[PDB]
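Written out below as structure tokens is the structure these notes cover.
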Amino acid sequence: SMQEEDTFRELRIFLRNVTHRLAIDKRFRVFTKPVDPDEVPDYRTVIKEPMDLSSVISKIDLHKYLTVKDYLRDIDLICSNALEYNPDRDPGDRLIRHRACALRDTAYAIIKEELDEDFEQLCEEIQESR
Ligand SMILES: O=CN1C[C@H]2C[C@H]3O[C@@]2(Cc2[nH]cnc23)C1
Ligand SMILES: O=CN1C[C@H]2C[C@H]3O[C@@]2(Cc2[nH]cnc23)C1
């Protein structure tokens, strides 16, 4: 229905606004673009599904997310990719892990404060009907 398409348009507006607030935070610069093959040719052999905040905005615009849950699976994949690729005790690895955990926790905290639980349940019920 037209009302259902208006629901999904509101979901996309919400997700673009959360993603922009993450992307401008200086702590999260390392997560704003895909990893360059030139800097890590090793990256794509270890990490089987790369993800970054630029790719997330492209996916919002392609209508890939019909619920906040499916958006948070990609935020969680940005974080888990960084924890798995950079697991060592040295300071460079510990700094990117701390920033990855902060990206995840910040996204969840904005959603907790600003998403209406009844809006998310409506998106889930439209998705399940298709
Ligand atoms: O050597 C400098 N770089 C290679 C990468 C290693 C580490 O920082 C990256 C980008 C990225 N993403 C996850 N972990 C890293 C840029
Ligand atoms: O279910 C979760 N809630 C937390 C709030 C955030 C968001 O939805 C609210 C109420 C409200 N008013 C404006 N924006 C919202 C209820």
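Name the residue farthest towards the positive end of the dipole of the chain from the options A82, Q3, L62, assuming +1 on Cβ of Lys and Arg, -1 on Cβ of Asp and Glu, about the Cα centre.
Of the candidates, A82 comes out farthest on the positive side.
If you stretched the chain out fully between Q127 and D38, how much longer would it get, using 0.36 nm times the residue separation minus the C-alpha to C-alpha distance? Please list the in-between numbers first.
Values: separation 89, 0.36 × 89 = 32.04 nm, distance 3.99 nm.
Between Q127 and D38, full extension yields 28.1 nm more.
Give the Debye-formula value of log10 I(q)/I(0) at each listed q (0.16 Å⁻¹), with one equal scatterer per alpha carbon of the chain, two decimals each.
Those come out to -0.83, one per q.
Quick one: length gained pulling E49 to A102 fully straight, 0.36 nm per residue minus the C-alpha distance? Mind showing how you got there, number by number?
Numbers: separation 53, 0.36 × 53 = 19.08 nm, distance 2.07 nm.
So the extension gain works out to 17.0 nm.
What do the square roots of 5 times the Cα gyration tensor eigenvalues come to for the range 1-77, in whole Å, largest first, as semi-axes of the equivalent ellipsoid?
Working: eigenvalues 151, 40, 17 Å².
Sorted largest first and rounded, they come to 27, 14, 9 Å.
Hand me the trypsin sites (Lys or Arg not before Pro) from the range 71-107 located in a DSSP loop with no more than 12 other Cβ atoms within 10 Å, in residue order please. Please report the intermediate quantities before stating the final value.
Values: sites: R73, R89, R94, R97, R99, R104; in loops: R89.
Sites meeting the loop and neighbour criteria: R89.
Fewest first, what order do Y85, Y43, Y71 take by the number of other Cβ atoms within 10 Å?
Exposure proxy ranking, most exposed first: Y43, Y85, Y71.
How high is the relative contact order of the chain, in percent, counting Cα pairs under 8 Å that sit 6 or more residues apart? Write out the running numbers ahead of the final one.
Numbers: 98 pairs, mean separation 35.5, N = 130.
That works out to 27 percent.
None of the figures in this text is laboratory data; all of them are computed from the coordinates on show. No Cβ is skipped: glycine too gets one built from the backbone with ideal geometry, and neighbour counts run over all protein chains shown.
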